[PDB]
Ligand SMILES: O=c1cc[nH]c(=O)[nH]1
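Presented as structure tokens, the chain that follows is alone, the form deposited without the named molecule.
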């Protein structure tokens, strides 16, 4: 699998051969003949390249990728510079700046520095047609990223999952709460953010739960 980190490839390559995956791939290939599709191919799997699958400590389940030019690059809630951070990410930055001492808005929305630390930024759907939100919904990606979530559920201990919104919540509704930390609240979108997200303190709670679990905390500031 091209542009797909080898440590991940190692454990997940069982999917590439299932019929849904082969179909998924053929679909996206055909899609790229008629349409610009985001992320470009080398960035569909950025999340498999920022860190080894065993360095994963925090998981944040997202939806689909941003669907305009130079936005998506393989990480949920993340845009490439100089593209402004999306309104969800602005709210994540707001909660942080109350939640986390001396957190400053970093003036950009590249979450690469979180990724490198073993924060997995996993969208449920990994491609999209340019300018058509949800256009690759229900074509196989959901089963593929479900598998990623299962591999993680079954092959690790004491991850912190951050489940924002009912969607991400249903996606995570099978994580073993005996072996893994699951923190839930409203989606940070401006539309729903005042229903739980502001004041959830998830970034500090994660850090406490990581410290508690014998692992090194997330430097949430290591963007700036």
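Residue numbers count along the first chain shown, from 1. Shifts are known only where both forms have a C-alpha. Just so we're on the same page, rigid core means the largest C-alpha set that superposes within 1.5 Å between forms.
There is also a form deposited with the named molecule bound; it is not shown, and the following applies to it.
Checking 99-107, 72-80, 112-120, 141-149 against the named molecule in the bound PDB entry, the stretch whose residues place heavy atoms within 4.5 Å of it is 72-80. Note on the partner interface in the bound PDB entry: the residue among 57, 181, 171, 187 having a heavy atom within 4.5 angstroms of the named molecule is 187.
Shown alone here, residue 161 lies farther than 4.5 Å from the named molecule in the bound PDB entry, counting heavy atoms only. Residue contact check for residue 46: none of its heavy atoms lie within 4.5 Å of the named molecule in the bound PDB entry. Among residues of the shown chain, residue 197 is not one whose heavy atoms approach the named molecule to within 4.5 Å in the bound PDB entry. Residues 62, 63, 64, 65, 66 are the members of 58-74 with a non-hydrogen atom no more than 4.5 angstroms from the named molecule in the bound PDB entry. Fitting the two forms on the rigid core leaves the C-alpha of residue 161 displaced by under 2 angstroms between the shown form and the other one.
Residue 75 shows a C-alpha shift below 2 Å between the shown form and the other one [criterion: core-superposed Cα displacement of 2 Å]. Taking 2 Å as the criterion, residue 97 does not count as shifted between the shown form and the other one: its C-alpha moves by less than this amount when the rigid core is aligned. Look at the core-aligned forms between the shown form and the other one and you find runs of 3 or more residues with C-alpha shifts of 2 angstroms or more at 25-42, 67-70, 127-139, 171-174.
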